[PDB]
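Taking the form deposited without 6-methylpyridine-3-carboxamide (8EJ), here's one chain by itself in structure tokens.
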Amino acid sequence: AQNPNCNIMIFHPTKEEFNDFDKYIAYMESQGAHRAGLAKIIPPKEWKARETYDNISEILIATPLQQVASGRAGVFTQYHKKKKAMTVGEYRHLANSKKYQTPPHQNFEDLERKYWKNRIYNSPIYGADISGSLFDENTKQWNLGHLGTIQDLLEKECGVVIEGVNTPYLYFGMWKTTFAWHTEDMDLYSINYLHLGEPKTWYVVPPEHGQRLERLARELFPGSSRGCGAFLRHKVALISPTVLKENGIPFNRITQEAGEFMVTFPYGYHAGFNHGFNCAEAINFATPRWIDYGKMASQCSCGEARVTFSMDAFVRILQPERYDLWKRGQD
């Protein structure tokens, strides 16, 4: 068995190997990459996502989210308070202000220490979940707006034709902006490209151990757990690496830098934070190996998780027993 310790693997495809996205994903899995839940892909030196970022300040962040924490430094939830719209140029200036800017630090490890010590005492503003793309239309390799759709994968594997679309999302971050512990909708893959700016630190639990993280989360967030049998779908809970280590939960960590891709694999729980002003692009995708994960994915029916249009068909076809309850949650 490849990668039996579930380490995060880093790949360096050549320009030839970067042509065929599906083939490369299947290669990485042949080497055991999925066992970690997360992999890094460094593009060949010949590749670029677009020519420059000199012209992005006019993108609108219609609903910036202030991420307000409750709890203790290592175990907390965050809620998203909606803020007035602002442009990317306005948001970058805010990120760089004395109130929000990255503190002085020695290296990524020192910054990580400072994040876990101090996150809860601040409320950073995240421009998350913005439909759109920064890849040039002429970029033909690993262009996250030109991937094969999940609907087409389901159709190719299962023969069923369904409604829905699959488009990318932009994320504008600042110091301490946080993504809570989650797997993807329907335990899909994700791919995330860091277009510019400061790094993103990731934490990940191997898919084979995801239920260990779920059991700890039920213990740590007991009221939330009574409220919903899949409350990590709410994407509000944080648990630090120190707390994970104290409770014996297997995990790994890695820092993504500008110009790098990360792939999350089906049922790979992940969480993390931004180091400073940055911009990422991410999308969900599927492969044949996902189908079985999609069939078994948990679902929130309490009403909190509220998701896209396109998840309806996935539930309806892969999980027809759950469909009626899940749809009540959506309505």
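For every residue, the number given is its place in the sequence shown, counted from 1.
Another form exists, deposited with 6-methylpyridine-3-carboxamide (8EJ) bound; not displayed. Remarks below refer to it.
The shortest heavy atom separation between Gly259 and 6-methylpyridine-3-carboxamide (8EJ) in the deposited bound form exceeds 4.5 Å.
6-methylpyridine-3-carboxamide (8EJ) in the deposited bound form comes within 4.5 Å of no heavy atom belonging to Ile120. Within 4.5 Å of some heavy atom of 6-methylpyridine-3-carboxamide (8EJ) in the deposited bound form lies at least one heavy atom of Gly229. Counting a residue when any of its non-hydrogen atoms is within 4.5 Å of 6-methylpyridine-3-carboxamide (8EJ) in the deposited bound form, the hits in 207-221 run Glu214, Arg218.
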